[PDB]
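Structure record follows, encoded as structure tokens.
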Amino acid sequence: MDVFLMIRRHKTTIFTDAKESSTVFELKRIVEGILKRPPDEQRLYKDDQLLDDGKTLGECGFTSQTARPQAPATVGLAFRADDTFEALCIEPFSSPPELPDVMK
Amino acid sequence: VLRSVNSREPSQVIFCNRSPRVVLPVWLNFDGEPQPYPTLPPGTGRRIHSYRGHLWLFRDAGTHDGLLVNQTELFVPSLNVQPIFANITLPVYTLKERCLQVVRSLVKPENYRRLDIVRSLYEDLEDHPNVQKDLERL
Amino acid sequence: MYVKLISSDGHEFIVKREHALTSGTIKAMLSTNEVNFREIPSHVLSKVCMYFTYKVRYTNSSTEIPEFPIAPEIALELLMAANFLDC
Ligand SMILES: CNC(=O)[C@@H]1C[C@@H](O)CN1C(=O)Cc1cc(C)no1
């Protein structure tokens with residue numbers, strides 16, 4: 001079963017899919033190929049919760065029911081500068097304008 | 001030209017609405033005139049007595065947006081080997097058509113010309129889906 | 001491989017090259033694995049990227065296709081981007 005995700009760090013968003021049976025570590029290898037940072041320099045999160053490497057995406061709560069193509073699930077990403085991991089931080093998207101008079 | 005064949009050969013059909021829309025089944029009569037039939041609520045089915053060679057199409061009852069039936073536009077009841085299944089579903093609309101549907105659902109046609117968008121878009125909004133226009137075909 | 005789509009407000013969206021090639025306008029803009037959209041904000045571009053995944057997942061599927069959701073607040077701007085990108 002495919003799961004559809006948004007891997008987010010600061011102002012970066014990766015749109016990718018993975019298998020429910022695939023691991024957190026395997027997702028880190030995907031991030032590696034794109035962002036050129038090894039898995040040991042990466043931390044993955046579900047909201048504020050740090051995800052363990054050997055855990056499957058399904059076990060982490062990424063299911064077909066919740067990680068849909070038209071509404072993908074968010075995975076937080078943090079990088080380590082040296083030594084010391086940076087705090088998880090995701091820049092929010094822009095705010096839509098006020099609904100025009102004719103739409104309300 | 002696009003019309004039902006008067007075969008007089010009964011064909012039992014099940015209209016299966018596998019869409020979140022209220023479905024309007026449309027029969028193309030012997031003159032090629034679209035004939036509307038009772039609407040189907042979102043997750044429901046209906047047994048209908050139709051005929052071999054008859055032409056059907058399905059639209060959203062409120063907005064007339066085009067729907068698919070057995071992955072195509074037209075459904076033609078065939079010979080009952082018993083009843084023929086007509087699986088009505090949403091097509092994968094383009095992002096543009098999907099946007100126009102949402103904007104049309106929120107804005108009264110008198111007010112399309114009040115939206116701050118390019119002129120070509122006012123014309124696209126006013127060009128509502130229509131069975132008659134779709135009937136070309138061709 | 002992957003391509004980068006940058007919003008007017010600096011958000012960088014990394015999507016599969018095949019998914020982005022769904023847009024004829026994007027296909028033309030890449031032909032240099034980064035595209036800047038000076039007029040498309042992130043709350044719109046994120047939805048465009050969800051559309052690419054939705055389209056690739058559900059095109060020629062035979063099963064049940066769900067509705068592509070659009071919040072009323074995003075509709076106008078998403079329409080303008082879809083019209084430009086020929087999405
Ligand atoms: C209740 N079933 C119907 O109304 C069906 C559906 C469509 O096939 C046209 N139709 C008719 O009876 C009209 C008709 C009679 C004969 C005989 N040939 O056509």
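Of the residues making up the stretch B:97-110, those that are more than 19 Å from the chain's Cα centre (by Cα) and surrounded by 14 or more Cβ atoms within 10 Å (Cβ to Cβ) are B:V103, B:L106, B:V107.
Here is the figure for the stretch B:9-65: residues that are surrounded by 14 or more Cβ atoms within 10 Å (Cβ to Cβ), basic (K, R) and either within 24 Å of B:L106 (Cβ to Cβ) or within 14 Å of the ligand (Cβ to nearest atom) (or both) total 4. C:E64 fulfils the conditions (1) at the interface with another protein chain (Cβ under 8 Å from one of its Cβ atoms); (2) exposed (fewer than 15 other Cβ atoms within 10 Å of the Cβ); (3) over 25 Å from B:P20 (Cα atoms) except for a single criterion, (3). Residue-level check: of (1) within 25 Å of C:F52 (Cβ to Cβ); (2) buried (at least 17 other Cβ atoms within 10 Å of the Cβ); (3) of a type in the set (S, T, N, Q), A:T23 misses just (1). Being under 30 Å from C:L76 (Cβ atoms) and within 14 Å of another protein chain (Cβ to nearest Cβ) is a condition met by no residue of the stretch A:26-39.
All of the numbers you see were taken from the coordinates with simple rules; none came from a lab. Note that we place each Cβ from the backbone using ideal geometry, even for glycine, and neighbour counts take in every protein chain shown.
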